[PDB]
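Q: This is the structure alone, sequence omitted:
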RNA sequence: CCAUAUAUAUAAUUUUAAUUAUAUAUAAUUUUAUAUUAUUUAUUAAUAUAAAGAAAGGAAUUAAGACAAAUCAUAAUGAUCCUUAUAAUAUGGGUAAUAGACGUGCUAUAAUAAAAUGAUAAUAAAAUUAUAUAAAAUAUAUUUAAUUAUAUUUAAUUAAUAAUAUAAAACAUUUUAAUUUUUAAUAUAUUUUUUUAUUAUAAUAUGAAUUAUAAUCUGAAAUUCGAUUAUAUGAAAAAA
Ligand SMILES: Nc1ncnc2c1ncn2[C@@H]1O[C@H](COP(=O)(O)OP(=O)(O)OP(=O)(O)O)[C@@H](O)[C@H]1O
Ligand SMILES: [Mg+2]
Ligand SMILES: [Mg+2]
């Protein structure tokens, strides 16, 4: 097997969260708020 | 070879190699030691010998060696025939007697008890001489079975 | 012998059987004749130093008839020349553990004794920081006084110093203390000391009630600060214990640990050190010495400029106030160097003459080999390790 | 002033001993996203460091505690042979050998 | 390959004991010693460790003729002291090969094989 | 240590804003460690092998 | 022998240790708090206490929830669980 | 074949541990010389003394008989039995119950021994980190700080790089019941961190089971039945 690190010198210049919103905007949770 | 180093080698031709350790003191400290705490055993022994020196003002190591040689029995009856003892076995017997005598004293520190016991032995005051005499007397009584 | 080994060798009078030797006597006036020689202290020096507590346990003093000292060019002579020459005489003796900081301090004490100076020695300041003697809040002095320790210290100041010298100082104020002398405690309730009639000796002999004893201490120090006819040497051994114990073991009525500077003794010590208390003589000096038994932290090296100030170091390991006080008074360090091989030769020679060396070393070993071996084993010149390699290495 | 503000705001990502600011990102599924994210963070850091109109943080010293804790975990062999112990007089000296010189001809 | 002193007159040797290793620079001198840049009594608190370190120099009666710059790592105090002892002996052979036999007789040129074995 | 806590709070807030970190000076439990926890469902589910094997 | 609330103490006993040893509700920190309140220094021993100080300790301990009262509270917790 | 010692190669000596790493090769199953003992008479063996050596350990590797083994969980085959149930699923419960008896381990029963403290940080090895690891900091317990335990926030590293993790005993100081062998008041001293005089002055400051209260941790869930912390409690355990 092989691992390669590349060093490139350069000039200077969420699944849970998207479900928590869906649950909170559900009737089961929206009714308590 | 260079001449300076040839001279060094000639000078060391006659000199005996110094001893790594004192075998008798090594034996005694290893008999004090438990749990591989050698430094503690060496501290106890050296502190006791320091007290011996300070109270007798003589080489305490020599006093300890004279004490062990005199106190230890030369032979001992075993199951009943007398058998001779080597130096290490003699030192073990004598040291056990010395420690038993020292643990009858008052100081909390074992070094103080041992040191003043060794001072008393160095001045010819010890009950273990009676133990040595009894062992020798039994050996004489059973000399016929050697 | 019922104590442990250290207390036995400190208190069992084991030197009763030490062979006398006629050493030359310590005399900084005649330093040239005693330089690089083992000397004894004078009789006067011995009395004063014993009362001061210049000698300490675990110094192997019991090996010899009396405590002795090698007069060292690089430690004794150098330090004392600085002590006589420097304009601001405020020193911290430093160096590795067992190097000879306390012995150098005692040589300074002996110099003071023979120089007609008054010595106030706070040896081992753990007595007033460990919470093992009483304390009480004084309302006039906004500080926690410690009457038991003050009684002991005032007796030490009286006993150590030359009575005629200490009587030379006339009091500069009037003082009134509670009378606690048993004979006239009832007939006379207050002892009174007048200006130009009673002396500092009279004040220093006052018997007062414990709650008032703190004021007596102030009365003493103030007096010695105002007089200009006698130099005052103020010495503190194991000063490191003060720098690394900013909060004592005492706790106030609210159960909070008391700051060391809220104690009268802490305030007194750091006032003398910081220069807040000024001694008018001009030959007066302060000599501090660290000890290897105390923990090290950033306070000391920062106060000496050895390392920069790192302001994020926790208070346990860096006390800025002590740095501020030690820098306000221009306290300079004197590092005790380790012994060189010639000094080792002189010390081991004296030890031989005292019949202290083991037979394995003197009887059958070449002298130069012995000196080289013990210079090596002492870590190239540590005096304590030298002694322990001579008298306490039975192996 | 801006360099100091940069280091103060970098906090543990800055190592004063090496002068290296380093940050890593693997929160996005692809390396190109993580690289662009790191570039954008750097831009915000530089913009804030150069904006000294409100606070330059000159009163805040540089905290090196993370670096001290890091250094305690690596053995430090910070010692060199004493300069005054050296004995160049004792070094071996090349001895003349005729054959080699006559062979370099 | 015959060992010799380097450009600074130093004999460099390596010794091992248990999991400890030591690299010593021995130069002619006056019996000075540093271990990991620290004074001998600072680094080695046990006297017997210092005696172990000194023993090879004492064998050839050359304590006081050599400066030792020892550097250790691994294992504990005893292992490090005895790896320094071994390294010093090996380094000392270079200064005078005729003494090797005597050092070999002292036991300081023999690498101690013993190690922790479950 | 002598640095006022307001200065360090300002530093912490500004740094957290720069690096997209939750700044929670009150120390309230936010459940943020729940959000940041990785999904281990795939590795756990592939334990017995790929079911779509040729039979 | 000094007596506090009908408890005897050898003279050499350290107050902060002795109080925590002999009184039911008192522990190490509580005993140290009492000693701090009464101005006793950390390692003061029983034989050094004056009778006024003994009475002050007695009053301070009586204002505490200790001995029979605390034991009754504990037994009441156990009994209420048993119910 | 490991290990050990050495040589070569490799590393742009910042993935640093070059005192290292791991490939290849070498080495020993050591050898020589005398002296004394014996000898199947030396060209033998042992002991001792010399000489050269770094040289001193370990593992694996074949068959044949005998007996045991169905958590034989070291299988396979066969036989036999159940097939609405001896198969299968869910919820809760149990495997943790307590009179005894015994095996093993841990913590103890104190002074050759326990405790506390020790920041330019005494001194390791071998492992682990993509189904993680958790640095520093901050906050609370909590008391100037430190220590310890949680919380907040997740820096770096998926690793000779960063983290788990400043190894701990050691060593030094201080303390320690039994112990009037102590503390304290006065004097006292050329022992001053101390001496002396006169006065007063069987379970602990060992042990940490059990129990109470309040918190915390993991988990959807800690009741039967988990772990941790704080304040209390403070049992048995001494002799042979
Ligand atoms: N100049 C000297 N002459 C003779 N003996 C000395 C000298 N200096 C030190 N010693 C002895 O060496 C040992 C060192 O003790 P000392 O009290 O002087 O050390 P220290 O540096 O003050 O120690 P610590 O770090 O413990 O405070 C003691 O035996 C002391 O007697
Ligand atoms: Mg000192
Ligand atoms: Mg306990």
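A: Nice, thanks for sending it over. Numbering: from 1, shown residues only, chains lettered A, B, ... in the order given. Ligands and ions are numbered 1, 2, ... in the order given.
Q: helices or strands up against the longest helix belonging to chain F?
A: In chain F, with assignment by DSSP state H, the single longest helix is helix F:5-19. Other elements packing on helix F:5-19 under the criterion 3 or more Cβ pairs under 8 Å, 6 or more residues apart in numbering or on different chains; DSSP states H and E are helix D:2-10, helix D:31-50. Every C-beta, even on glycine, is put in place using the N, C-alpha and C of the backbone.
Q: Off-centre distance for the shortest one?
A: For helix D:2-10, the gap between its own C-alpha mean and the chain's C-alpha mean amounts to 16 Å (Cα atoms, centre = their mean, to the nearest Å).
Q: before we move on, back to that, tell me which residues in the longest helix of chain F are buried?
A: F:11, F:14-16, F:18 (16 or more other Cβ atoms under 10 Å in any protein chain shown).
Q: and the helix or strand just after it, what does it pack onto?
A: Using DSSP states H and E, the helix or strand that follows helix F:5-19 in sequence is helix F:32-36. Counting contacts by 3+ Cβ pairs under 8 Å, 6+ apart, helix F:32-36 packs against helix A:15-24.
Q: quick check, the next helix or strand after the helix it packs on touching chain F?
A: Next in sequence after helix A:15-24, counting helices and strands by DSSP H and E, comes helix A:27-30. No. Judged by Cβ under 8 Å from any Cβ of the partner chain, helix A:27-30 makes no contact with chain F; its nearest approach is 14.8 Å.
Q: Of all the residues in helix A:27-30, which ones are buried?
A: Result for helix A:27-30 [16+ other Cβ under 10 Å]: no buried residues.
Q: Show residues contacting that helix.
A: Taking contacts as Cβ atoms under 8 Å, 6 or more residues apart in numbering or on different chains, the residues outside helix A:27-30 that touch it are A:23-24.
Q: please redo it, this time with the cut-off set to 7 Å
A: residue A:23 (Cβ atoms under 7 Å, 6 or more residues apart in numbering or on different chains).
Q: ranges for the strands of chain G?
A: Secondary structure of chain G (DSSP state E): strands at G:2-4, G:7-9.
Q: so which of those strands gets nearest residue D:79?
A: Closest of the strands of chain G to residue D:79 is strand G:7-9, at 58.1 Å (criterion: Cβ to Cβ).
Q: in its sheet, what does that closest one sit against?
A: For strand G:7-9, the paired strands and their directions (DSSP bridges) are strand G:2-4 (antiparallel).
Q: how about the strand it pairs with: buried residues?
A: Per 16+ other Cβ under 10 Å, strand G:2-4 contains these buried residues: G:2, G:4.
Q: Residue numbers of chain C in contact with chain F?
A: Within chain C, the positions near chain F by Cβ under 7 Å from any Cβ of the partner chain are C:311-315, C:320.
Q: Drop anything exposed from those.
A: If we count by 16+ other Cβ under 10 Å, the residues of chain C next to chain F have these buried: C:313, C:320.
Q: Can you tell me which of the residues of chain C next to chain F comes closest to residue C:120?
A: Distances from residue C:120 to the residues of chain C next to chain F, taken by Cβ to Cβ, are shortest for residue C:320, at 27.1 Å.
Q: Please see if stretch C:26-44 touches RNA strand H.
A: Yes. Using Cβ under 7 Å from any atom of the strand, stretch C:26-44 reaches RNA strand H at residue C:43.
Q: Show me how far that stretch is from its chain's centre.
A: With Cα atoms, centre = their mean, you get 20 Å for stretch C:26-44.
Q: which ones are touching the residue nearest in space to the middle of chain D?
A: The centre of chain D sits closest to residue D:18, judged by Cα atoms, centre = their mean, with a distance of 1.8 Å. Contact partners of residue D:18, counting by Cβ under 7 Å, 6+ apart, are absent.
Q: sec struct for it, please.
A: coil (DSSP: H, G, I helix; E, B strand; the rest coil).
Q: Distance of it relative to chain E?
A: Distance, residue D:18 to chain E, by Cβ to the nearest Cβ, to the nearest Å: 22 Å.
Q: Can you give me the neighbour number for the closest residue to chain G within chain F?
A: Ranked by Cβ to the nearest Cβ, the top residue of chain F for proximity to chain G is residue F:27, at 25.9 Å. By the criterion of other Cβ atoms under 10 Å in any protein chain shown, residue F:27 has 6 neighbours.
Q: That one and chain E: what is the separation?
A: From residue F:27 over to chain E (counting by Cβ to the nearest Cβ), the distance is 43 Å.
Q: Now that residue. Its backbone dihedrals?
A: phi 80, psi 20 (degrees, to the nearest 10).
Q: Now do the same contact list for the residue nearest in space to the middle of chain E.
A: The residue lying closest to the centre of chain E (Cα atoms, centre = their mean) is residue E:88, at 2.5 Å. For residue E:88, the contacting residues are E:24, E:26, E:53, E:56-57, E:68, by Cβ under 7 Å, 6+ apart.
Q: Just give the number of residues close to residue C:337.
A: 17.
Q: quick one: secondary structure of it?
A: With three-state DSSP as the criterion, residue C:337 reads coil.
Q: Who does the residue lying closest to residue E:112 once chain neighbours are set aside form a beta bridge with?
A: Distances taken as Cβ to Cβ, 6 or more residues apart in numbering or on different chains put residue E:17 closest to residue E:112, at 5.4 Å, once the chain neighbours are dropped. With DSSP bridges as the criterion, residue E:17 is bridged to residue E:20.
Q: mind putting the buried residues of helix F:5-19 in JSON lines, distance to residue C:55 included?
A: As requested, those are exported to JSON lines (distance: Cβ to Cβ, whole Å):
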{"residue": "F:11", "distance to residue C:55": "54"}
{"residue": "F:14", "distance to residue C:55": "60"}
{"residue": "F:15", "distance to residue C:55": "58"}
{"residue": "F:16", "distance to residue C:55": "61"}
{"residue": "F:18", "distance to residue C:55": "63"}
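Q: of those, closest to residue E:104?
A: residue F:15 (64.7 Å).
Q: show me the biggest helix of chain G in terms of residues.
A: Chain G, longest helix under DSSP H: helix G:67-82.
Q: any idea how far that one is from the chain center?
A: With Cα atoms, centre = their mean, you get 19 Å for helix G:67-82.
Q: for stretch B:128-140, same thing?
A: 19 Å.
Q: Equivalent analysis for stretch E:15-34, please.
A: 4 Å.
Q: can you give me the end-to-end distance of that stretch?
A: In stretch E:15-34, first residue to last residue: 16 Å (Cα to Cα, to the nearest Å).
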